[PDB]
Structures are given as C-alpha cells and as structure tokens.
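Ligands are counted one by one from 1 in listed order, and the atoms in each one are counted from 1 as well. Values below: all heavy atoms of this structure, side chains included; hydrogens, waters and symmetry mates excluded. Chain letters run A, B, ... following the sequence lines, proteins first, then strands; residues in each count from 1.
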4 protein chains.
Amino acid sequence: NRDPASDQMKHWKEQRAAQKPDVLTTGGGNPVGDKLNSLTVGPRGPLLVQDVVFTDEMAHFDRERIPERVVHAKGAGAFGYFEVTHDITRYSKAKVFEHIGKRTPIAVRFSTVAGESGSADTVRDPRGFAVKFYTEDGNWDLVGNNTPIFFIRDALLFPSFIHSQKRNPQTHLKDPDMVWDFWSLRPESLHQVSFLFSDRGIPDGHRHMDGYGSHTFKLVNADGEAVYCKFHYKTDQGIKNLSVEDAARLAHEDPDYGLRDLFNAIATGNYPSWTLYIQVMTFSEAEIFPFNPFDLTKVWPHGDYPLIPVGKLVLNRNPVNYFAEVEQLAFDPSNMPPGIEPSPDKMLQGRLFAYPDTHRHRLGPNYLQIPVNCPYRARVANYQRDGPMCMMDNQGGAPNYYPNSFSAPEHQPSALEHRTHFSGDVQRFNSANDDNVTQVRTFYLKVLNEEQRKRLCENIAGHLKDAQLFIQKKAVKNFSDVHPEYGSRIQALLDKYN
Amino acid sequence: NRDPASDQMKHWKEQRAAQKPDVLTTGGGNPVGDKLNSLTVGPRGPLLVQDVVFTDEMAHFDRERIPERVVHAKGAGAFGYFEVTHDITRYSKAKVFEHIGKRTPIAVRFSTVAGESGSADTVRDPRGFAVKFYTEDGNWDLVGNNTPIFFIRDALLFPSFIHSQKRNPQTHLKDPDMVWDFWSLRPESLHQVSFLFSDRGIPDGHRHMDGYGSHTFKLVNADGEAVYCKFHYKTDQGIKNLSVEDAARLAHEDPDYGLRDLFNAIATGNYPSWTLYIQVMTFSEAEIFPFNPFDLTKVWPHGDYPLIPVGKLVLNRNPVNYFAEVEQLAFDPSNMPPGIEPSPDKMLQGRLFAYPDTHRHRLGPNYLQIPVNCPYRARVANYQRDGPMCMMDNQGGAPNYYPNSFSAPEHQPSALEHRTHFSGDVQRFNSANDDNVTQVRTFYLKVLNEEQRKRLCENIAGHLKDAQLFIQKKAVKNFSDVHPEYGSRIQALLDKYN
Amino acid sequence: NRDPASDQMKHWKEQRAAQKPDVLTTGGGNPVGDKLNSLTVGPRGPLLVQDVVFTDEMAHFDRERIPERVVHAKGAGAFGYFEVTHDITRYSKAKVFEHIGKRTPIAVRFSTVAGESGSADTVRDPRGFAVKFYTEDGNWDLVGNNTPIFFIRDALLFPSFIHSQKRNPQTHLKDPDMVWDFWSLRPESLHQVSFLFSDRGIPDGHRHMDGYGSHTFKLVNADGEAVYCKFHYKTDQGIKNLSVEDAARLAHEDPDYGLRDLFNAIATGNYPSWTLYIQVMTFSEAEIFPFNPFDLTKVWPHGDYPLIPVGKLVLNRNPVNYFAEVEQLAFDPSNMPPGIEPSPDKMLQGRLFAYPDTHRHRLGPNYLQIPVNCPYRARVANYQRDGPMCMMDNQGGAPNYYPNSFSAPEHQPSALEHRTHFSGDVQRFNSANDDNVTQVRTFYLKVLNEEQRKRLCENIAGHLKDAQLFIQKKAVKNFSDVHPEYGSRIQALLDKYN
Amino acid sequence: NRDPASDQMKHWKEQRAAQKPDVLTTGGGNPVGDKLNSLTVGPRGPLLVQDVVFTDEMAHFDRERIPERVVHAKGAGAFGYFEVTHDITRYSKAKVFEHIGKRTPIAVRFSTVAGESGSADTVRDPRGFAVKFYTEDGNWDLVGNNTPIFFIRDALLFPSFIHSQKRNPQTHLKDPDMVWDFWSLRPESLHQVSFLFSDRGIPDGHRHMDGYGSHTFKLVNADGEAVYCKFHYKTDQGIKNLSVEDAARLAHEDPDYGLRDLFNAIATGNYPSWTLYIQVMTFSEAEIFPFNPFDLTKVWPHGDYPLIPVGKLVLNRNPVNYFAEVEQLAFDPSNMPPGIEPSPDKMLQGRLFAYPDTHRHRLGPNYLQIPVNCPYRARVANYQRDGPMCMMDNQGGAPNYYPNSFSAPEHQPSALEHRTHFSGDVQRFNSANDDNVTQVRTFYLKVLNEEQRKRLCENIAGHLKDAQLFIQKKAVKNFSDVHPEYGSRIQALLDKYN
Ligand code: HEM
C-alpha cells in the first residue's frame, strides 16, 4: 500500500469489484463497438467522416480546457460544515449564526496567487482561503486570504499589482524589476510585504495557516442596529511553515505538496478545523480609529478589539471529481445574506463587481447553475431567464416581469440593506499618503523576534538583489521609513550581493 | 376566455391560486428587499456598485441571447411518444423497433429554413421536421424535412445555397439575383424547386404536412444483414396548405401562426399524429437503380418500393419553457443506435460532421448535458471529461483512460458498424451532370393536375421576375429541359411582368 | 435597371471589369482545386476526413451567427460626419465642439426595440438612433432614441419592461396581458405610451424622424463650470409617418423597408441630415424645476429651455459589409470625452454598466478592436492586455503596470471629472409616485389636435382589447388620471370590441 | 547590466529616450484624469457605477485569460526565415521549394507536452517543434516533435494517452499507475518510451534538439507524380542534454530555462539554425517495406532511405508581445500547399481534424485573422463570412455564393489533390499487434552504448517504482519482449526499490 491519494484508482476498482463494467458510449448514449481502432477503407486506407465515435471523443477532448483563474489559478478544495458554537445574534441576524450547534455545509478552496495551473504549491506567496456557506438565505462567500491585510488600498491598483507579479509581456519571465518598481513606488505595500517575506510566507500545507476576511464588513441585527466587523479563522492544527530550503526542494520534488497533504489528511480521518472569530467596532469607534478603519493595509489591534468566538469550520470530505467540484468553484464576495453587508473599503467595493464579472467569462453566464455553485439550500426564484447552457426548467412558465398580477415571486422588505449616511464631493480622493509605516514598525519590532527579523531581511535581499540599483535604493528608503535598522539590514545584504 | 395560448399566465396563476408567492432572490439565493428601486446616495444621487441586486439581474439580462440556428432559426416544439405498430425486426435490430406496442419518448421541432428568429411562419420555404427518440441505446435523431428531396446533392454546395437564400452581404436584403443565379447555375435543384413553388410550399401549420428523412439510410438486423431505407412520416390530420393570399395576410397578422396552432391543438387534446413508414432497397436493387440511389435530388418510386408501416409519432405535451426545451434543442444526424447507419449519400456524410460542430458553437461543448439533449434513457459512460459548464459529477473518480486495469467502461462488439466494400480512386467525382430533369417531368405531368401546374408557374414567375433578364433566360432554359410547356408557361408570365 | 440596393452584385461585378477573379482559397490561404465536389473513395463512396476544404468551409459556416442584440436587434447603419456650426464652448470644452466648421466622422445605427433580427421595419415601436463620434479624445457614443422620454425611470424595471414587450416564456408568442399588466401597474409609462400610440409611433423610415439623447447629461467648460443639458437632433427631411394600414401592408410586403430606404437615399446622393441642438439648465435651475430634472419620463419645456444650435449630422456612406460594419457596431453611453459627463438620471447610471457588459458577451472581450468600434482618431495607450481574439500588437513590450519608472502612459489631470456635492442615506428611494400625469395632460390637450387624439385612442384600444378585462380597467383608470375624456374615449372603443 | 531578457523594460525605456509618454486612455480612447484613486462620495464613501475608468479596466483584467493548449501548454516562440539550398522540385512542385535561395518567413513554437502553463521547462517529456511557413500558396504548418516517432499509432488512443500522462481526475496529482497501466497495456509505446527515458528525454533548451515531421507525408511534382516522404530538421548547434540531476535543479531554480535561453541567444545575435532534410520512398517501396510505412511507431532506416538536403531554418527575431504572438499561435497540420499532401497514417488523419477544431474553441471561430495566424503572403478569397470577432472587411460586398455569374473567386484545377487508389471494407482494423519490438531492439542494442543503456534502465526504474507490482510486472514483460536484458536490468533496479 501507498498513501490514499496514490491508491485512488485501486480503491475505485475495489469499491466496484462486482460492478460489471458499464458499456462505453458516445456522448449521445450510443454504445461503441471498438474505441481502439479508427474506421478506414482497408487496413492502410484513409479515415472516414462516418467515424462519429472518433470525432465525438476528439471534439470533446479538444474543448476540455477553460480559462484558468486570472489570479489564484493553482489550488486545492475540500467540503465540510460550519458549526455555530457561540451567540453573535446581538451583532448579526444572519440565519447562518441563528442558534448554537446549527450546521451549514461549506466548500473551501486554498490557493497561491501568481502561479499558473502548473506551478508549485511550496512557493513564497499569499494563500487564498475561500469559504462558501450554503445558507437558507442563499450562499455567503467569505473570500479570504492567509493574511488580515493586502498590498494596496484601492482596486484601481489591483490589475497593475497583479501584472507586476506575473510575467514580462515580451519575455514571459518573472521580472524582479516589475515586482520592486511597483512595490517601491507604492509603499502602502510595506505591511503585507513584511508579512509575505516572514516565515508565514511559505505555510506547511493549507491546514497549518490562518484565514482572514481581511476587509471590514458590516453586521446588522434583528433591530436594524449595525456594527463593523473583521472575520478571523485560526487553525486548530497550529501555525507551521516550511524553511526556504525545504520549500525549494518540494517545489521540484512535489509541486502538488498542498493538494496531496489535504487529500491524505481527510482520507485518513485527520479532518482539519479552524475556529471562526469576529472583531466588532462600533460606528462611534470607527470615527475615533487613528487610521481609516476601511484601509485594507491596516489591522484592528486585538488589545482594543478582542476576538469573539463564533464557531467551527471542519473539512471532512474530499472532492470526487476535481474539475467539476474545485476547478469550477466560484466565490463572489457580493454573495451576502441578510445580516452581513459590505463596508466602504475601496478594495471590497471593487470585489463586489470583479468576481461575478470574471465568473461570467471563465465559467459562463449560467455559472451559478453549476452544482458546486448552486445555492442548493435556498429556493432561487426571480425574473432572470435564458442565457447559454441554461440547465434546469429555466423557472418554467412563471411570469417573467415584475411587477405582475399573476402571483410570481415578491421582494421581502426585511432583506432591505442597512441605512448609512454619507456626505461629500464625488471625487477621486488620494489614499496613497495615509500612514504606510506605523503598524509595520510594531510588527517588525514587537511581533517578530531577532531571528525572525534576520530571516525577513535575508528573504527580501535574496529577491530584491535582482532589481536595478535605482529600484534597490527606493525600496530600502521605504524599509528605512518603517525603521532605520530594517533598511540598513537589507542594504548590507544587498551590498554583498551587488 | 380566449385561446389556451392567450391564457398561459391566467392558468399559471390559477394553478398557483394558494401558492403563497416565492421570495424573489438574486442568482445566489439571497432574498431581495426592493427590486423596483436602485441603491443611490439620496433620492437624486448616483448609483452605487454596492447595488449587487441591480448588477446580478442586469448582467444576466445582458447575456440572455445565444446565437440563433445558422438555418431553421424560426421554430415550434412539442413532446410525445413513438409507438411501434408493426414488425420491421427483419430489417433493423434497433431497440426502438424491438416489439409491437413499445413506446419511446420523442421531442419534435418544426421550422422554416431561411428566416431569422423574428420572421413569419406562413412564408414559402421547406419545413424542418426533426424528431429525437430517447432510446435505451441512446438518442436517435431523425432530422427530417417536409420533402423527401433537397436542392443539391453535395455538402460543399450547402453554405453557398444557404448564403444565396439569406441576405445580400452589403444591403442585408433578400436578393432574387442571388436566389436564381445559384438555382439557374445548379439545375440539380429543379426537382425540389418544383416541390417548393407548388401548393405544399406553404403548409397550413406543422400538423398538416408530412415528414421525410430525405436521405437513404442503412438498416442492419440481428444476423448482420443490411438493407438501404427511406423514412416517411405521413400526417394523420391530412395535407392542408395556405393560399399565397392567406399566407401573405397571416405573415403580418400572426407571424407565429404555426407556434399558436400547435400549442392550442395540444392544449385542447387535439394531439397531432403521423404514421412512420420505411421503403426498403436491397444492396442488389441499389446496383440496378437507374439513378444514384444515394442522390438526395431523387425519390424511390412507391410502385417499385412500397411504404412498409412501422408505428405512430404522437405529440401530446407542450413545452413549459420555450427557451430551455425548444430553443436549446440539438438534433445530430450522427446520433444513431445499433441497427441504423448512414448510407454513402454525400449530403448525409456532410451532416454527420456539421450538426455536432455547430451545436458546440451555438450551445456549448457540453450541449449534450442540457436536459432536453440528454440521452436520459441510456447510461452515458466513457472517457470524456471536463469542458465549460460541466454539469453532473463529470463521471466522478472513474479511471479516465482506455484501456485500463481498473474496471472502467468497456466497448461492446455487437455495436460494431456493418461491413460494406468500396473500391476506387480517392477523387472529387463530378455529380453535377447526373439526371436533373427525369423525376421532375413525372412530377410536373403525372403528380400535379392542370390548376396545380398553373399555380406552380405563377408562383415561380411571381418571384423570378425580380432577377436580371440573363438569369431569367438561364432559369427558363432549365424548366424547358424538364418540359417545353413548363418553360413556356413561366416565360409568358415573365414576359408580361418585364 | 432597378433600385441601387437591388443592383448591388451587378455594380460590384462591373467595378472590377478588368476581371482576373481571385483564386479561391481555404482560410489558411491554400488554393482550392474543386470546391463543388467532395473527396470520396469512388463516385458512390464515403466522405474522407482528408477533405480539409469541406471541413474548413463547413466549420466556418457552422460558426457564422453571433447573439443578436438583447434589444434593438433589427437595424440599419450608415456613416458620415458631424460638422460644428455654432460656438457652445461656453458650455463644453469637448474637442468635438472646439471651433466652427470642425468635422468629426460618425457611425449611425437605426433600429426597432422588441423585434428579433427577422421582424418587420414598419411596426409600432420606439426607434433607436445611435451616433458614434470618432473624436481625438476617443469615441463619444450618443445612444439616442426617436423620443425625448422613456416608459420607466429606474434601470431595475428595464429587464422586466423588455420581458413584458417580448415573447411569453412558455408560448413564445407576443402577449397583450404581459404588455398591459406591466404598463397598467407602472403608470410612469403613460407619457411615452402616449408618444408611442400617437402618429410618430410608425415613422416613414429612419430619415423622417428626430433623434434625442433623452437623458439629462452634464457639460463642463475650460473653467470647470458645469451645466445640465439635453441633446436634440431634428430631421432636415421633415417628420413623416406611415398610417397603421400602410405600415401593416409594408410589414409583409417589405419587412426591410427601412434598410432599403436608407441605402437607396445615400446611393442616389440624397444624403439625410439632422441639426444638433442642446437645451441648457443651470444647477440652480435644476433645484427649482417643478419635477425631477433627471426623470427620464419628463421633458424640459422649450418655452423655459429653448433649443441652442450646435451643428449638423450628415450620412453620406452606405456600409460595404453589413455584418462587419453594422451587426458588429457597439455603442457605450459610458464612452464620453472630457467636456461631457453623466447626470444622476437613475436610467443613465444603469446604462453606464449595461452596454460594455452586453458587448463583452455579444461580441467579445476585445470588441473595441473590431475596426468599426476602434477609436481610430485617438491613440489608445493603457495597462490593459490580452483576452480572446487580441488583434493588434497588444501594445508590444510596453511596461504593463502603473505606476512605473519606465516611461509607459501617464494620466492627464485636465481629464478629471467635474466635482459635484451629494448628501443622503444609502437607500432604495421610491420614484414610482413622482408626477405620472401632468406633462402627459399637456401632450394630450395642447400638442395633439382632435383627429390625433382620436387616432391615439383608436391605436391603444386596438391593442388593449386583447388584454383581460381587469387589465383593461386598470389601464383605463391611468388614462383617466391624465384626463377623464382620454380614459372614456378608450373605454368606449374597448366597450364595442368586448 | 544583466542578461538581455532581464533588461527588457530598461531597453524599452531607453529606445523612446525622446519620451513624451503617451496619454493614458480607456479602451474607448477617452483620456484618464487619475487611474490611481476610485470615484467615491467623500473620502470614506462608497464606489460609484459612474467610475467607468475602473469598470473599463477591471472588466478587461477579468477577461485576460484564454484556455491553455489541451497539450503542449508550456512553450517558447521565435520568428525567422526558411532558405532553400537544394533542388527537390523532382519530388515537390510546392512554391516553398521552387528555386535555390528562395526565402519564406517562418514562425516557430517549442513546448513540453503534459505540463500546464506554470510547469517547468527542464522535465522529461517529448518536445514540440512547430514551424509555420507563410508561403504564396498560403500557410504550410509542419507541426513536428523532437522525435521521429510517437507512443501510439491510432488517434482514438490519443485522448486516453494524454489523460494517462496528466492529473488523476479526483486527486489532481500525477499518477504513475495511470502512466504505466496505459503504457504496459499498449506495448506499441515501447519505441518512443525508449526514446523518452534515454538522454534526449531532457534536451539542454530548444536550440540543442532536432525536429521531425514524424509522419509519412506525400510530395507531388509538376507531372502529378507522387512519392512518400519524412521531414527531418537537424540542429546546427548540436545535440546537448541535461543530466536528470541538473534538469531537477533548474526545475525549481529557473522553471523558464528554455524561454530564457532562446530569447538571450536571439537577443545577442547567436541565431539558432536547423538543416531541413527529406527521406523519399516510392509507392512500390511502400508495398515492400517490412512494416507499415504509415505506422507512427516506426522509422525509415537511413541506410535504406538516406537524408536529402532541402534548406535552412533560421530564428533571428524574438516576440515583442508573448500573448499576441506566441500564446495565440495556431498550427494546423491540414494547412498544406499544393505539392504537399497527407499519407494514410491513422495518427495524421486524426490531426487533420483535431487542430482547426481545438483552435475554434481555444482562440475563436476567426482565429486565422489573428495577425500571427494570417496567411499574410497569400490573398485569402472565398465564400466564408461573419462569425464572432470578424476583423477585416469580411471581403466587403463580394458575391458570397459559389458558383456565381458576378466575378467572385474561382477554384484552380492545378491545386487538385493527387489521385491514389484504395480497395477494402469500411471497418475498424486492429493495429495493436503490428511489430512493437523489432526497431526498439536495434535502438537498445545498436544506437545506444552500455552507459546509455544503464541510464535508460535507471530512468525507467526510477519512475516505474511508484506503480503497483502487477503494473511493474506487465511493463517488465514488454521490455523483456524487446530484449531479455532490457527487462532484467529494469527488474533488478525495481527489486531494490521495492
Ligand atoms: C492523433 C494524434 C494527435 C492529436 C489528436 C493531437 C492533438 C493536438 C491538440 C488538440 C493540440 C493543441 C493545439 C492547440 O491548442 O493549438 C496539439 C498540440 C500539439 N501537437 Fe498534437 N496531436 C496528436 C499527435 C501529435 C504528433 C504526432 C505530434 C508531432 C509529431 C504533435 C505535435 C503537437 C505540437 C507540437 C503541438 C503544439 C503546437 C504549438 O506549439 O502551438 N501532436 N495536438
């Protein structure tokens, strides 16, 4: 015997030992007489159009591939449940939270960011940690990361940021000039760059890292009272990281280390779990916060805003077909049931648009009809119709305009959004010159210890040394702005590379 | 009360009188608070990206339309059954025929040819009569027409023929120069042009016309003995046609006359039926036939090849959602179960390719997973995987290569194609100068009577008069080649138009 | 000789009188030996896969069709120029207006609304009148209609409204219950319904109707001073309408009457023109307007806001290929150069999203690279890359992230949008019960004469007669709310139908 | 200074040293005032739909990705010329060969087979070596590999074979059970498996490997005399391979080693070249060949069929934009000019269908209009029209049906394919049990030396060790069938792994 992942086919056969293999058919259900030899006129004669077995199979093979995710292309999935353990009904009326012990099925997808479908799991990169809750009030997608923060605080910078990470448009190589030119010109990135080049930049698989919603969200209770919140889901397996040496080895030795580790853990009954927490910030406290509390480069200090337990996320089922159940998984931040709403975070506001938009491209207009995407715990009833690959009854003969006198679906006032007041000029407000260094200094000096600071500066120097000197100089000036010794440490390492 | 079609919504509501309307949701299953008013900052303020109710609905509205059929875009559908009444098991082992009284569910789509989705039902044109049989051995699509013959006998002419019927590439108008230049240069078209401009060119709805497979097909019995066949399905309601005057009136008065007539007939229990017949031609008789028995411009004379009854086609169910169940219907001539095979008919050989190819474009790579297209009476099991909008389990964890040692699906030798011998040069053989006039003369002189001949020549002159004189002259020469008086009749009518 | 449109092929032939027809090739540029006869093994043998001439041609034929526009599917196009005749530079700094005599190339598409690509030109429906200005500051799309108003004033009603105007989802038939249920429940539609059932409901082709921007827009001058405006383009050929009897006859006699009329006018040098006017309203005037000045169901009365001449629209060029140049035309209201900006009109805000969104579906991600859609009179330079059917150099090796230190394109502060102040709650504010009757009363009593009132009420009664009595009753109540005699006139006509 | 590839941005900047960077615009050509800050109501307010700069950019970003190639996803491209050096006009009339010194522009793409777009260059796998010749008789695509043979000889095994080489459908991991189960069941793979696990399994970049057409093709001269041929293009830089240890290190150290090496060679003027040879075999020689001369698992021995020089392939131009020029490159084996034709090779016949088919999916219906795919050195003239993303005049107002009387393009009889005779039954003829061992014995014993045999058996044992024992046993039996010591060598290595 090997690992469970290695014995996938052996176990499939054993489960089906007395199955009596199925008859091999065309897509049209016609049985096939011989799928090993093409139809020709004589043994050394030409192939015929009449070989509809060959073209049925080859035309489908020719169409197997769909566009990979524009980002987080490389990933691993599992299914399980969310279990409420504690009462947050004073903050949120959302059905998902409504009583202790209540279970909601989830889907989870873990990923890297920059690498395309064939890249390695054990590389330095943020990790996607996306959770789909199939609630009675529809799907709630909490599209999280293994960091509470990000590199930028306006969505207009996002395409550029990703371009700067991904391949040179001429050469198709990774380009340290592109990476550090962008980061040196945009020092709001200093906080997450500091997280990224620390030890938690290369987690030991998906089970040994935390998840965060990252953004400020809004919770609304049964009285229509709102608070702002952050979602934290902490690993029950504990934080564990790979050394740059071990990460490098696994990169060529098992590019799919993360996939394999998650599958085997679930197959052997070593089910991974996380505790979901919220931080709560009053509208009054949001006015007094010394930063923009909607700035994605900032955390809420735990001292001032302690973690409040909510429940348990448990992954206890592997995918049966990876393409159907994982590759086709679509998470939309805009999928929020009553009791959960967006904040004015400029990055989050951008995501409300981007995810359903890319899903209509990558998957198709009717992507929400793919079974893993279906809000299967809710009754979908509305005035939407048709589109390519329309899958179910398309809501039959139901009146397709609103309003109508013919008893078709009706809106539900209790689901109305929470009323928040705004005043100001309609303008592109500059956010570039908000505090870029303060929280990063507390991380560098207080959170990490000496050996972590040393590895951090070695990790950055190791990559930054490949950029031109003028980029190296601008970068070091940013690290110096957080703390003189953070800068001078990097600069000394840079000096003996150059 | 009105007609049943007119009371569609009234009956939907009455059926749902005590329904308790559904809650209106987003595609993601989230309930909607107010779907009549957009989210703005103040009553006369700008629209927000945060209005995910608006963009969910509008993005789907923006994607409602799919490409219309390249031909037969305008159509009507119904469902019912095929019932075997007579034994043809000496000719075909196909499960669909296997015992008297055996029922197979069918889908039917009726159509015009040239008109796009918004065109009129009661125009002069051939009619599509496509029948999908959901058999235990997969789907059998008999993609028929209301004529036993066609305009051409090689598929290389088909795109040109259709272009010549459809709009001028600059003007976007119907173009009599294009119509008659093609037909005058390709006199193999004389037979079906003669059928088309007769009274049966404008049927009174879909229920008062016959269906034909048109092509020669092959039937194979349980002994591996083959014969050639033709499929005929004759209306139990009787042949009935609209006068050019009545067809013209209904064109602006009810462009959807055919849709309305079929729906109302089924809704009132006036279920339309056809008797399915075969003609049988031995391989020996195929050698002695005075024409190419695979030439789509030719019939098998009933005298020499009498109709052999098979069973009954009955339409007893309307579509519930037209887009899902009709617009998305996909018929592939290549869908043939064991016991039914193609002939060497050059036109049919072309269709084996064209239909699955256009369906992968119009509908999508996984179009056979659309419920109305599913071979739902067969177990589909094979080595095909993935592709866009992959709908079911994608055959789970089943071994995805053949051959394999892991008990995945196996081919079934009894399904092997019938062995036929061919000898010759691989060449583009000229079929243009086969007999173009003989069977057309017997139609003009023997099948039609005097008043039918007169209307026929009036119908042609009425349209041909708009072509340039040199086209008129070439056309008349072809009609003269079938019979001098067929030509001179047209030419006299032409003379007093010009 | 016939009309110029009829002689399209004749003229094309003559114009290459030197001849030497081109060599017939595959898409790959390989010359074709015989495209009239398929490659078979012997003359009555099977078709070979080796016939790559057949597959190349048939596969392209199989893919000819793209989704038709979700609305305004049925249309006519022509090209020409815009010429400035008056100085409006005190209102708008837009380069398009910057000096008298300045010419800008334009593209124009005329259409109906509800009908599909095969429907008739001469039906009762609003008419699209979309104008693309190819300016030095990029494309300006003025996506106008032959009416200054519309049926609804919130984009969330738009898909519903269009659903109600198109086919029953089960029957696929036009449904007077759907039409009048929606209109009777939404009496904001009374104004444009009154415009629609008046004489200007069926214009005599596209040359004899006016165009309107319809929406309030914003004009911004070189001093950053803003005003609100409305665009009017009045026909220089004069208003002319078809009687319902004449329109009905042309429906079946020439479904493409509009296409034919526009092509022939331009072909014979009878170039149609329009005079472009603006109305101007101050921010202060907007605060005092007795209605919402951004409500699409209202006009600015000419007495209070007189037309200000700007310039001339001239169509002097027919399309050469209709699919490439017209079917593929894409107008985005969001295409606005500096000097022209959106107003808070709920409907316009909706359209800023919908058109680029539907274009990415109907045409493709890179639709703006289709030559007729290309802003060919501007330099397109940005950080956008790749996508399906990327057709130009994809901006070559240019740095693909912003900001950068490598000389890639730079934002231009003079292009910054005009700053306006807003205060309010984020809420769905109800606009259903704004004034629905006042301006409609003045239209019925002042603008129309007796004979026009009578035809108006006949035109409504003639359609509304087929709706259920409860819908007839509610509709009549709304017409009664505008004026008792408008209601009683319709009710008397209805009474002798029922 | 670094390598030229590293300095791509630096060089781009310098080359426009005059500066005046372009104005940043939307896709619509509208200039952008600030693309760094989103449009909000106040600085901590919500994002507006009015921010059409954000939506234009983000919607294009959302649509960057297209499906990767179903095989050979990971690749490098360059451009140059083909120069004729010898007269082969006695064998082929193809314009490409017609006189010595004649130059043809070429495009070339190198690739691995199984890996996705993010996988490493320096892995064991065959290498694609595809060459596009832009000839006056259209494009000639010679879609070759770095091997003269392949693993299978019938196209019906191809999707299965590729499935077996890629990821487990449940696990998404490489699966040695899938690899060796398929290879052990299909011993026709022994020859190319022997080539693959030899030293030439991991070439030192793309410049140090040979190209082969692999298939038997047909050459036809001006007299209509045909011969069978094989194309060989031998590296002028010499064969050079990476050790498994070195290839392993470069896998994680530079996953893009191949891309980097080709770009740098061309950038520094070290242009790589290949010498094109043919082998020629008579129709009479084909009848006497001791194997099937069309069997893709066999070579023509050089002793019996010596290489005949033809000309020189030179790569002297790097891509400027990789997505536009390389990712979008499409090679169709069916692109063959007069003088070059397919043989009855079952595998080649399969490829005549598969490539245009996958290109219509991956790229679009009109992929041949993508500039790098355009047969720009030929006039494309035919009766093909329309389709999505139609980019040129769509052949303007040219008559669109054939035949026509209006001077549209004409077929050219000199282009007619060569006529060959076939006799036989239409059947699926078994090719599984053709000689699987003879030529592989000569390769193992004659072509390789002792040290090479030892590395070969180490390379196989090193992979096969992870397959189940029953698969190990069947594989060893096949290697034993070629020579007992080939088998026992592998079995000894296997024994000390197990
Ligand atoms: C029946 C056998 C085969 C089938 C069905 C087949 C099919 C395919 C398909 C579908 C692609 C993807 C093409 C694209 O997306 O652009 C591909 C790529 C490729 N195939 Fe094959 N293939 C076969 C055999 C071979 C053989 C025998 C060779 C070489 C002798 C070969 C060389 C290639 C190359 C080089 C590419 C990549 C071309 C590029 O760089 O764009 N294939 N093949």
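Residue-to-ligand polar distances keep A:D62 apart from ligand 1: every N/O pair is separated by 3.5 Å or more. By the 3.5 Å distance cut-off applied to N or O atoms, D:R69 is counted among the residues near ligand 1. Between D:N145 and ligand 1, not a single N/O pair is under 3.5 Å apart. Residue D:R362 has at least one nitrogen or oxygen atom sitting less than 3.5 Å from a nitrogen or oxygen atom of ligand 1, judged on distance alone.
Between the side chain of D:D154 and the backbone N or O of A:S38, at least one donor-acceptor pair lies under 3.5 Å. With hydrogens and angles disregarded, no donor-acceptor distance shorter than 3.5 Å links the side chain of D:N146 to the backbone of D:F129.
Contact annotation for D:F110 and ligand 1: no heavy atom of the residue comes within less than 4.0 Å of the ligand. Counting heavy atoms closer than 4.0 Å to ligand 1, residue D:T147 contributes nothing at all. Contacts between D:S214 and ligand 1, counted as non-hydrogen atom pairs separated by less than 4.0 Å, involve the side chain only. At a 4.0 Å heavy-atom cut-off, ligand 1 touches D:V143 through backbone and side chain alike.
Taking atom 17 (C) of ligand 1 as the reference point, the nearest protein heavy-atom neighbour is D:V71 CG2, 3.3 Å. Of the protein's non-hydrogen atoms, the one nearest atom 7 (C) of ligand 1 is D:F158 CE2, 3.5 Å. Looking only at protein heavy atoms, the nearest one to atom 39 (C) of ligand 1 is D:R109 NE, 3.2 Å. The protein heavy-atom contact nearest to atom 13 (C) of ligand 1 is D:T358 CG2, 3.6 Å. Protein heavy atom at the shortest distance from atom 25 (C) of ligand 1 is D:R351 NE, 3.4 Å. Looking at atom 33 (C) of ligand 1, its nearest protein heavy atom turns out to be D:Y355 OH, 3.4 Å. For atom 14 (C) of ligand 1, the closest non-hydrogen atom of the protein is D:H359 NE2, 3.4 Å. When hydrogens are left out, the protein atom nearest atom 19 (C) of ligand 1 is D:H72 CD2, 3.4 Å; that is the closest non-hydrogen contact.
Not a single heavy atom of D:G350 sits under 4.0 Å from any atom of ligand 1. Remark: distances from the non-hydrogen atoms of D:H215 to ligand 1 include one below 4.0 Å. Residue contacts with ligand 1 include D:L296, since one or more of its heavy atoms lies under 4.0 Å from the ligand. In this structure, D:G75 has no heavy atom closer than 4.0 Å to ligand 1.
Proximity of the aromatic rings of D:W300 and D:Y305 is defined here by a centroid distance below 6.0 angstrom, and this criterion is met.
Taking every heavy atom of A:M58 and a limit of under 4.0 angstrom, the matching atoms of ligand 1 come to 5 (C). Annotation for ligand 1: atoms under 4.0 Å from non-hydrogen atoms of D:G144 are 29 (C), 35 (C). Counting atoms of ligand 1 from 1 in the listed order, those under 4.0 Å from a heavy atom of D:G128 are 35 (C). Taking every heavy atom of D:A155 and a limit of under 4.0 angstrom, the matching atoms of ligand 1 come to 1 (C).
With values rounded to the nearest 0.5 angstrom, D:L242 atom CG is found 10.5 Å from D:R124 atom CZ. Annotation: the span from D:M178 atom CE to D:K166 atom NZ amounts to 10.5 Å, rounded to 0.5 Å.
Residues D:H215 and D:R351 have side chains that bring a donor and an acceptor to within less than 3.5 angstrom of each other. There is a side-chain donor-acceptor pair under 3.5 Å between D:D236 and D:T275. Using a 3.5 Å distance cut-off with no hydrogens or angles, the side chains of D:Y257 and D:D204 do pair a donor with an acceptor. For the residue pair D:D181 and B:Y401, a side-chain donor N or O sits within less than 3.5 Å of a side-chain acceptor on the partner. For the residue pair D:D345 and D:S343, no side-chain donor N or O sits within less than 3.5 Å of a side-chain acceptor on the partner.
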Q: Output, in order, the C-alpha distance, side-chain angles, deciding distance and verdict of side-chain hydrogen bond (donor to acceptor under 3.5 Å, both in side chains) for A:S117 and A:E68.
A: CA-CA 7 Å; A:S117 295; A:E68 81 174 20; 2.5 Å; yes
Q: Please step through salt bridge (charged side-chain N to carboxylate O under 4.0 Å, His left out) for the pair D:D256 and D:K74, ending with a clear verdict.
A: CA-CA 9 Å; D:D256 302 326; D:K74 184 75 200 302; 2.8 Å; yes
Q: Step by step, work out the salt bridge (charged side-chain N to carboxylate O under 4.0 Å, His left out) result for D:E116 and D:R167.
A: CA-CA 10 Å; D:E116 296 85 357; D:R167 303 170 180 268; 3.2 Å; yes
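Side-chain contact between D:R360 and A:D62: absent, with no pair of heavy atoms (C-beta onward) separated by less than 4.5 Å.
Ring-plane geometry between D:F133 and D:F82 is classed as perpendicular, the angle between the planes exceeding 60 degrees on a 0 to 90 degree scale with a lower cut at 30.
In this comparison of D:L156, D:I66, D:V70, the heavy atom closest to atom 12 (C) of ligand 1 sits on D:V70.
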